[PDB]
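Read the structure below first, then the notes.
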Amino acid sequence: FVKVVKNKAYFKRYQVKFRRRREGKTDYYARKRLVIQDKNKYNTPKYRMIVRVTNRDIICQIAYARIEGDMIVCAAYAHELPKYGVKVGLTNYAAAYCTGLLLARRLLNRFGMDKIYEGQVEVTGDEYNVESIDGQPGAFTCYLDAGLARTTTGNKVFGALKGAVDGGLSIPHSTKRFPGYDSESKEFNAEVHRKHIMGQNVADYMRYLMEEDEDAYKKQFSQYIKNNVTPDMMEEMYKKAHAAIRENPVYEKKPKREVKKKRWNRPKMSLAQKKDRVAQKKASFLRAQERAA
Amino acid sequence: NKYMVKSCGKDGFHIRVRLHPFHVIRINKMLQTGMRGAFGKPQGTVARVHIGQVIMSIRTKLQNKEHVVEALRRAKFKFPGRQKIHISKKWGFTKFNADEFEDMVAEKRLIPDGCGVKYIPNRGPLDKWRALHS
Amino acid sequence: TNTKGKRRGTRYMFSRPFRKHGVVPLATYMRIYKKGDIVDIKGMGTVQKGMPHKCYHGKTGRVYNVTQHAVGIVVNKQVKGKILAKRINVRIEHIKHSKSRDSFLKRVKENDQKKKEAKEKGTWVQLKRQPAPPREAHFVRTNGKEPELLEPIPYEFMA
Amino acid sequence: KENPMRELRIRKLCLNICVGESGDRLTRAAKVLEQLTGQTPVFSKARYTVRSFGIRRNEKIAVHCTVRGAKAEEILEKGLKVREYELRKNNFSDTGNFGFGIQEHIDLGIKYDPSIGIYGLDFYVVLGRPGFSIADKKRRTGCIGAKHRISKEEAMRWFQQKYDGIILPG
RNA sequence: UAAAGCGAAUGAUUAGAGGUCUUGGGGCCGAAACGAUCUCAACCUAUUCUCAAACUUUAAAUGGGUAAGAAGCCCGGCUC
RNA sequence: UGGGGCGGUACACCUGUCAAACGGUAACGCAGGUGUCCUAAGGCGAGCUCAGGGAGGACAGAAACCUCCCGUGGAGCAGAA
RNA sequence: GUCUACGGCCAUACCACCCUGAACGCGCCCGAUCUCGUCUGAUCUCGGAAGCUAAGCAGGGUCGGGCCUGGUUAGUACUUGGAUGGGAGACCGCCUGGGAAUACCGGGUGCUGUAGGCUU
Ligand SMILES: [Mg+2]
Ligand SMILES: [Mg+2]
Ligand SMILES: [Mg+2]
Ligand SMILES: [Mg+2]
Ligand SMILES: [Mg+2]
Ligand SMILES: [Mg+2]
Ligand SMILES: [Mg+2]
């Protein structure tokens, strides 16, 4: 036999980690580097544009760090695009670009910077960045909080970056992780970036398979088929989506129905009951042992 | 040992010395250097003692009380100082008094376990208590 | 003769407590220090960069300068008979706001409140602190039963 | 009514050929797997020197290869067929895996190469189930619970159910 | 630091209990054999006697600092 | 310089204790180290997680290679701690 | 009632094992055409949404271990200052003030900030 590791001593000496290190979600090292201000700033906020891509969504938030717990100035989600006529592809690069456009215009709408700071309207895909205006209220700036994503070539965060930047935010960035950087040659095809942004990558995959074999097409693209989505319609769909967003991005909340009020969960068991169980078990055991003998 | 062997026979007691000597004592030897750099080599061990600390203990029956006494009184002459010979209230080498002991063992609070004895509390899981009474 | 090394006799001072090793909670960094704010010092082993010298450990002073990540701070060190106010550059992690001054400032604010009121009335409210007085006379109702008689127990030798 | 989410599958097969030497023996035994699988195996080297057996620290000794899926099922089928569908008890581990080792691959059926030579090799089957990569994904790790673990007994009865494969003591 | 602690870490250290092989030395009916057989060995689990200037979770008394208002509080407004 | 001499270097340096709970403190007192090494064993970023033990598998054996499980650091970070 | 994203304090929140989870989410889930990376599309990257809560997660459970908090231990040990106090010495008692720690016996098992969901 061998020594049991997990004794009392072990648990006494055992340090606990933070809640968000146990759940595996938050990296505190990077949080530290990202978030504090220089002391000579004195209470001047350091904004950060968080981006959290889920299984079936892409959330983009803005946050600044107070001691009580990081305050959100404004927040968007993907599932509002059915209102603006986008039924599917909510975790594609295009819907990332869309979400960045919302975040930008909703924020600028609150701060009263609507006629000023339009940005890139024509989606060429080359480099655009917001020059500050002389004699006017300066540009918004915030630093990117990728979080845990491996900052690899072709990521929906940097898609959302290109979108939100064109919406007009002063985020510093290179174009190196945008799709286009040939690893050998090191040049950037922005038009190919356009292609991914407009969604030809999906159309071309669905044609290649429809040509190849119809059955995979039917297994893969069910809701696409149901909703009568086609290669030709997709581009103008996303383009109208841009125009609708630019015009009226703001969110109106839903009316709360009076709640039914029922407890699905089981409440915690009181003292007297806990005291009773072992009494019944011992008495019942003694009389049952009489049954055995 | 010698006295108890002569008196109460080969199997009527258990002596237990309770003082392990850890302190090391030094010695300063003089072999012409003199007194300079004089820090000693090890001569040997010895055990430090506070007031009220037990040196020896002898367990046997209460019948052979005075003979135990006479052994310890003869043993005083090897040690220095002064020491008192006190008969213990404890049942053997335990921390539990003799009057309430048999009641406690009958109701199975304490359980013999060779020379030692295990105190059962109520804090464990109950299926152990079931195994005990079964 | 002993050595004049910087970390002499700091086997236990800087060692972090039990089950409190590891990462530094971010409040430390994300809290602010103004000029003239009274600040007390507490060394910390994790960050070796910018540790104050052990002598200044415990000492509390006021902040004369600020940089990106640090504060110069004035302390009164005693040397052989004269004291020297002297200034040390400390990175923030080794620092706390000493809360001694806040209760006094609460009392000034309380007096200006208590003076604005009870001004028109003309009642003369005691502003000053008045030291712990001799307790006044009072009645002890022995309702019924009598005092329990304590007796010194007789000696008995356990050992 | 048991759930479809416990269809007991194979995660991976782990081949290795520890010849214990560098150079010509090795490059040829690596090329044998090259002939079998059509894919480049990985050379592992030693932690430290042992002069009795004649190996030094950091010496490229062995070669190994991971395999997953149908290609693995096929090669497993041939291997067991050579082992005539019967194993021992001691072959099964407590974590629910198992393995075995043919003394030489030529036994499998593949022609001998004079230049390459003959080589024994060593199979090892890591079974799994749906819902094991939680512990190995980054974003939110987590232990997989008690029921979902694969027992030694349940792997034995599963092999016994599948191929009517007998298990013998040892 | 004194103390206290080792049924809590580290480091020494005495004593008997229960285990099966996690292995082994002497036998004895056994050729041997994890059959058994007496054993006695180390390991594992609950206990028990004793310790620490260069071990410590705990942890005092005495002490060392800082503050106890005009150099302060509260209003109105310029400059960068 | 516990007479000088012969012997040590306590003649400049560093860690722990002696130190009497801020800091500061002595003896040819104690236990010990130094007169170097580095093209990276320095600098950024990413990705990996160690010591030890258990059960399995041709040659393979107490000890060679692969695999699962436990693993608050019991390893390691050139060197004294 | 309860959840998601981002959090502060960092075990009353950990570990082990058993039971139950309406709705949307969270998850698992099916593929490799393009971007990307592999011994291996398992991990990482990307395109889907037929199936399922089995696991994860949540809540509850355990005369559970632990951790946190109380009483007891104890006005004991120890200690600031005093005396033509004792005692052959070791050491000890008194006045004046400060005052602990295990075993043992009880009790507890996350608090909460912003924005946005479900019960339309
Ligand atoms: Mg002591
Ligand atoms: Mg001289
Ligand atoms: Mg000191
Ligand atoms: Mg001192
Ligand atoms: Mg796959
Ligand atoms: Mg589930
Ligand atoms: Mg408990």
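All residue numbers here begin at 1 and follow the chain in the order shown.
Header lists the method as electron microscopy, 4.1 Å.
Here the Cβ of each residue, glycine as well, is placed from N, Cα and C on the backbone.
According to Swiss-Prot, the protein has these features:
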CROSSLNK  D:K31  SUMO2 cross-link
CROSSLNK  D:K45  SUMO2 cross-link
CROSSLNK  D:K147  SUMO2 cross-link
MOD_RES   D:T37  phosphothreonine
MOD_RES   D:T40  phosphothreonine
MOD_RES   D:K45  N6-acetyllysine
MOD_RES   D:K78  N6-acetyllysine
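Taking the features listed in Swiss-Prot, we show where each one sits on the structure.
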residue : record           : Cβ neighbours (10 Å)
D:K31   : SUMO2 cross-link : 15
D:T37   : phosphothreonine : 15
D:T40   : phosphothreonine : 11
D:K45   : SUMO2 cross-link : 13
D:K78   : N6-acetyllysine  : 12
D:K147  : SUMO2 cross-link : 6
Collapsed DSSP category at D:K147 (SUMO2 cross-link): coil
D:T37 (phosphothreonine) and D:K78 (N6-acetyllysine), distance between Cα atoms, whole Å: 13
Rounded distance in angstrom between the Cα atoms of D:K45 (SUMO2 cross-link) and D:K31 (SUMO2 cross-link): 18
Closest of D:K31, D:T37, D:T40 to D:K147 (SUMO2 cross-link), Cα positions, recorded positions only: D:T37
Inter-residue C-alpha distance, D:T40 (phosphothreonine) and D:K31 (SUMO2 cross-link) (nearest angstrom): 8
Per DSSP, three-state class assigned to D:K31 (SUMO2 cross-link): helix
Distance from D:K31 (SUMO2 cross-link) back to D:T37 (phosphothreonine), taken between C-alpha atoms, in Å: 10
Per DSSP, three-state class assigned to D:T40 (phosphothreonine): coil
Secondary-structure category, per DSSP, in which D:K78 (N6-acetyllysine) falls: helix
Where D:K45 (SUMO2 cross-link) sits in the secondary structure, as DSSP reduces it to three classes: strand
